[PDB]
Structure formats: C-alpha cells, structure tokens
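For the first sequence, the residue numbers in the entry's author numbering are 307 to 474, 479 to 544, 549 to 643, 669 to 694, 699 to 715, 718 to 742, 749 to 780, 783 to 792, 795 to 837, 839 to 945, 958 to 991, 996 to 1020.
The C-beta atom is built at its ideal place from N, Cα and C for all residues, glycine as well.
Here is the structure we will look at.
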Amino acid sequence: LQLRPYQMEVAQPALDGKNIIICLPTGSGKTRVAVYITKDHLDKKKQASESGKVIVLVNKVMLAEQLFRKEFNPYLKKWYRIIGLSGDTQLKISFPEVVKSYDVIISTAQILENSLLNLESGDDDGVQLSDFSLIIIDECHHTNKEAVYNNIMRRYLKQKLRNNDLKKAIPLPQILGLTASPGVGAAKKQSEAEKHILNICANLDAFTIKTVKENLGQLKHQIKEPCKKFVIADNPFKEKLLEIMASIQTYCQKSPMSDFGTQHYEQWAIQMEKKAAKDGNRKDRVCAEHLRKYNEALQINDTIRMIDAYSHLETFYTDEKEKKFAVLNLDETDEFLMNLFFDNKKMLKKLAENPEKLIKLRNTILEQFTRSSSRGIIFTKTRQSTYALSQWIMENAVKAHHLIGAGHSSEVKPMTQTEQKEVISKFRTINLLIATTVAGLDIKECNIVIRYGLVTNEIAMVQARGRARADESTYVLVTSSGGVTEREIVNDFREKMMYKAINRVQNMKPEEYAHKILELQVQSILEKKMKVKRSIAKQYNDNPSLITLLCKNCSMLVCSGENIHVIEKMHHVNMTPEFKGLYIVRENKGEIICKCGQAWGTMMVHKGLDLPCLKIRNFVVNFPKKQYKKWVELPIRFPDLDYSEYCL
RNA sequence: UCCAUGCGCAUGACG
RNA sequence: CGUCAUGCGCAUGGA
Ligand SMILES: [Zn+2]
C-alpha cells in the first residue's frame, strides 16, 4: 500500500473524525487510499485499544469479491481479520457473529439491512450500528432518500438527532464515502444541482466533498482522457404491414388518436386492453395484444433487420398455432387475425430478404476493422437486439459474441454471472462485445466504443469513456437522425455543472452549511415517517375469500377465494380437482393453459405434489373489474396449505 | 453448476 | 401516478 500525493491530502481530514465524501475519476485507484484510512483508523483504535470495526458496503457482489481478491487482503493479510461476504457466497456463520469476530468486513448492502430488521422486526439475531467505529461506502451517487444504500443512514440520522436533543450521548461511527463523479439529477440550472448535492451530503451527514485541485498534474499524467468525438451513419415491407394494421383497426373500430411506431400507440393499446378486460369482451383486448406485438415489430423494423420481425412473429404465431391445437386436443377473431397474417407471411419473408434501416453501419465498423479492430465494444438498449445483431453479423460479416445481464424478465433466456466472467476473460485476451448498459466491469485498452441507439446519462457516458482509453477512442454515436447528439451535449454540460457547483459548495460557511444540511436531514426523516404512516395504512383488509378469479379472454369462472392455498408463503395454488377438470397442459423444448387458449401457469412439482400454480397477471378479479400484475397488491390473505388435507 | 419463483431498488424514454 | 425498455440486490425451493 502507498499514499500517492494527490491521495494524501484528500485523505488527510478523514484521519481524525471528519465524516466526509470523496469523488475522483477512474484510474486514480481510490481503493488504496481507502485501505490507508482503514489501517490508520484501526491503528488509532489500537493506540486507544477500543473496538475497531469496518463494515464496507457496495451495490454489487462482483466488486466485493474483487476487493477480497485484490486490495484489502493483500495489504491487510497479516494484521487483521477479513472476510469477503455476499448474499450468494454461502457463509455457515451468521452475520452477528462475523460482527462478533472479523474486525474488517467487505459486504453488500441489504445483508446489513436485513440483519438490522431482524434486530428490530422480530426476536431474531439482530445487530445495530452501535457495534462499529467506521463505515466505508462506494459509489455514493446511488445514494438517495428512497433506495438502498441507504435507508439505514436515515437511522444514523434519527439516532444522531436523538444524541443532539440529548446534547441540546451514545457514540456513532465515522462515515467515509467514495464515488466517481457524483453526477446530478434532473436539472437545467446550477441551483437545482447544488440542492441535489446538498441532499447527497446530508444523506451522508458528512462535512465536505474534498476533491483534488492542488495535485492535478500527476493526475492528468496518470489520467489521459480520450477525445470527445461524434460520428453518425444513417421500406415497402413496413407499409405492407401498416396497411394490415389499419385493416385491423377497421375490423375492430379502434381509434389510435396517434401514429404507428411509438410508445403512445402501445400505451393506448394497453389501456384498451384493461378496459376490454374491464368489459370481458373480445376483439377488444385480444387485438390490443396483437397490436402490441405488431408495434414492437415496427419499432424494431425502424432499427433492426426485418428478418428479425419475421422471427418475432414466427415465434408468436407458431406458438398461437400450437396453443390452439393443444386446446383442440378458433373463432372469427382468431381465424380472421391468423389468416390475415398467414396469407401474407411467405411473401413478407420474401420482402424481408430485400435491402436506411437495412443498410446500416457496415462501414461504421469496417472503418476500424481496416484501421486496427482488435478490441470491440457495442452498446444498445435491449437484449433481443444483441442476439439478433450477433446472428446477423456472424451471417454477413469479425468473430463476435453477445452480453446481457441476469434478471428474470422480457421472456428471454438470460445469462449468468459465471458466463459473464467467461466472456470478459476472453475479451481480456473475443474481439467485440455486444452489451446492454451493463458496462462496473473491468475492461480497458479499447478504442471503438460505439452507441447504437442510446440515451444514457452523463455517468454512463464518462464511464464508457473510462474504458476505451487514450488510444483512438473513437466514440461513435449512431442514431437515425429522424436529438440524440443533444444527449452527449448535455452530458458535457452537466460535466461542467458539477464542477461549477462543487466549487460553489467547497467554498461555504461551516455554519450555513450546517444549517442547510440539518434542514435536509430533518426533511428526509419526516418524509420517511410519512412514508411509513401511509404504508401502514396501505394493507388493511386481510380477507380469506372475497373474490373469484376469472379467465380474462373469456370472462369465465376459474377459482374462488377459499379453495386457494399457498406454499412457501410465496406461491398460490388450487387443488380440489373440481378445478383440475378445466385446464390443459403444454410443454415444448411444465405449463398450464386454457380451454380457450389463454396461458394460466406452471405445474409446480414440489413437496411431493404436482401443485398447479398460476400467475395473477393472466387472471382477472371479481370481488369492479381489476388487474394487479402481482398478488401482494390486495391485502386479502389466503391460507397456507395443510398436507394432512392430502391424506390418502 | 444449473433451473424455477417471489420481493425490493435505481436508471432512461414515454405519456 | 401509470407504461415500456435496461440494469442491481435480497430471499426461497429443486436438480
Ligand atoms: Zn378460458
């Protein structure tokens, strides 16, 4: 470990009290400095012989594993106890004990919160902040009054004001805080920005920001920002489909009040889908669903090879066929829509073969294929775009590979942490990555960062500029010109603004600063209390059975309220095979489907039972016709299951 | 190592 | 407040 000069002074006040913030660019290696603040705090406590604890926090697991790999252990391997925690790395020994041991802690946020709640919520193990003498944080810009991290700072604040009302005194920890450029939220002025910054600091109860101004020279030596650059590159098939859409409006008497190829049409479609669900009618929500599909097909067609819309609707309508045949094992509505499609499908694929939207960016990348293209990065919005384009390039054009996140959403096969690590290792050796907004991932040396239809804020901008370092960092920014370049411009604008604001706040009276931060702290606390009041008022009924669940295409009875049961206190289910007389089953490569053709759920095979579980998205309520997308919205409760019932 | 599920959060666009 | 897309964390159950 070592204490680079620009790191020295910025750390300096923290060494004695001084709950602060630090914000520095990429490359400065702000972990090493943090290690010094630790070690010096620890050594101070040993000089005092008192409880020296650190309870480091992050947002992501990967950084925790990283710092347990690289930074904290290899400099504190000798003296002190460390442990690299995470919600997923199974730890046999529970959290309060690794507080009772393990002087140093890497961790991850909501671990802590959960332990605190078990302290306050139930008679469980529990833990409090009083067991500490320091907290350290990373990426403070994710701090707000809403999220985690942190809610718990509002506990720090509440307890602090308890201490102050006592003084106007049990101890409380120092609070460091680190970050990149803190950015700024939802401004057009300096004053709104400054107010944001003050909200940040007083969410941390800190004292200053304390950036670097003196030793900018060695910094700029280590930090060589690449060139801020812009680059841009920018039919009857579309029309062929728009005609059908209008034909279907005629078939349905649906008035868009807007155009095709935007979110507005989609949103109106969803609203009509609710109303037609609030009517239990047909050609009225069913066609909202279809038209959602069509509009998605459009707005990919405006950006994506129309072969991929053919793929999308191949998937869709082929699944429609399979649904209707597993149900057979069709009416005017389905027959009209399906045949309206199939009469054209083949010729539409023929059109799909034919080459603005279709000739795109071949030169935009082959320029660098010819210049160097060793390294490659691509951003975009979506998942499906990535798979699609990687397929398209593997067919037409450089060996490539995709990348996306992890979550269970979008009706896609997601990826896995492991396989992400695989990919980034291969890239530390693949030439070009295709990614969504994922890239706190360790990458560098690159040159050809680009942007295929992006929006994102200043921080994603500068952090993407952190990766492709000072070697021909040709930042492209693609978009069909018909204000996306405006977004890079405003990112520059905010980059100016945060500096202009930091300067205006570093240079401030301590008294006035204290008054402002005190008022923001009290505001945040009072708002949390209002939140808790409204929230406690939220759930009130808790009724066993007041309802009937119905199919939403056919307004048909599907379940009552008391016949339902629960498992895991998560999933709902209906035994009582009177119900079982209804449904149909499907699987390919299981799923419950309808007598009409609606999708209903999954045959959850657990606990030695084929419990038929369902999803309330797909059903509709009758206590007003209401839809929720999740069970928890109503308060009215259902029982937990009794296996003695299933006595044979 | 993989699969299934619930919950909460932020971001950006949109009304 | 509602919609969409993206990303993150936690908690369950199974192989
Ligand atoms: Zn039905």
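Following the DSSP letters along the chain, one finds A751 inside the beta strand (DSSP E) bounded by residues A751 to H753.
Residue environment: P694 is assigned as exposed (fewer than 16 neighbouring CB atoms within 10 Å of its CB, all protein chains considered). In chain order, the residues with a C-beta atom nearer than 7 Å to some heavy atom of ligand 1 are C907, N909, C910, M912, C962, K963, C964 and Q966. For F987, the uninterrupted beta strand (DSSP E) segment begins and ends at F987 to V989. Annotated three-state conformation of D670 is coil, per DSSP. In terms of CA proximity to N609, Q577 leads the group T629, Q577 and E587. The beta-carbon distance between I519 and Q818, rounded to whole angstroms, is 19 Å. This is too long to meet the 8 Å contact definition. Residues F551 of the same chain have their beta carbon placed closer than 6 Å to that of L690, with the five preceding and five following residues left out of the count. Assignment of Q484 by DSSP, reduced to helix, strand and coil, places it in the strand class. In the assembly as shown, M559 is a buried residue. Its beta-carbon has 16 or more other beta-carbons within 10 Å.
The closest CA to that of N549, considering only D430, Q567, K523 and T617, is found on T617.
Boundaries of the beta strand (DSSP E) around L906: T904 to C907.
Excluding its 5 nearest sequence neighbours in each direction, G487 has C-beta neighbours in its own chain below 6 Å: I327, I443, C446 and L514, listed in chain order. Minimum Cα-Cα distance from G323 among the listed residues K336, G969, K350 and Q308 corresponds to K350.
Pairing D409 with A370, the inter-Cα distance amounts to about 16 Å. Apart from sequence neighbours up to five positions away, the residues of its chain that approach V541 with a beta-carbon distance below 6 Å are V831, ordered along the chain. Taking a C-beta distance under 7 Å as the contact criterion, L876 and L508 qualify as a contact pair.
Cβ contact annotation for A512 (same chain, cutoff 7 Å, sequence separation greater than five): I873, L876 and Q877, in chain order.
Its chain contains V454, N457 and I458 as the residues whose beta carbon lies nearer than 7 Å to that of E419, once the 5 sequence neighbours on both sides are disregarded; these appear in chain order.
In the three-state reduction of the DSSP assignment, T970 falls in the strand class, which pools E and B. For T789, DSSP records no beta bridge to any residue.
Pairing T790 with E699, the inter-Cα distance amounts to about 25 Å. Inclusion of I723 and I805 in the CB contact set at 7 Å is warranted, their separation being smaller than that value. Taken atom to atom, the span from the alpha-carbon of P1007 to that of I920 is near 15 Å. In the displayed model, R720 falls within coil according to three-state DSSP, outside both helix and strand.
By the criterion of a C-beta distance shorter than 6 Å, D826 is surrounded in its chain by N802, once the five residues flanking it on both sides are discounted. The beta carbons of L440 and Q484 sit about 5 Å from each other, so the pair counts as a contact at 8 Å. Membership of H448 in any alpha helix (DSSP H) is not indicated, and neither H nor E is assigned to it by DSSP. By alpha-carbon distance to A590, the top candidate from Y579, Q581 and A602 is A602.
Non-local beta-carbon contacts of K451 in its own chain, meaning distances under 8 Å to residues more than five positions away in sequence, involve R460, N509, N513, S880, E883 and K884 in chain order. In this structure, the CA atom of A415 is about 12 Å from the CA atom of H448. At a cut-off of 4 residues, the continuous stretches assigned as alpha helix (DSSP H) that sit fully inside the region 366-434 are 367-376, 379-382, 401-406 and 415-426. Annotation: the continuous alpha helix (DSSP H) that includes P866 extends over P866 to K894. The count of Cβ pairs closer than 8 Å, one atom from the region 555-572 and one from the region 329-339, stays below three, leaving the stretches out of contact.
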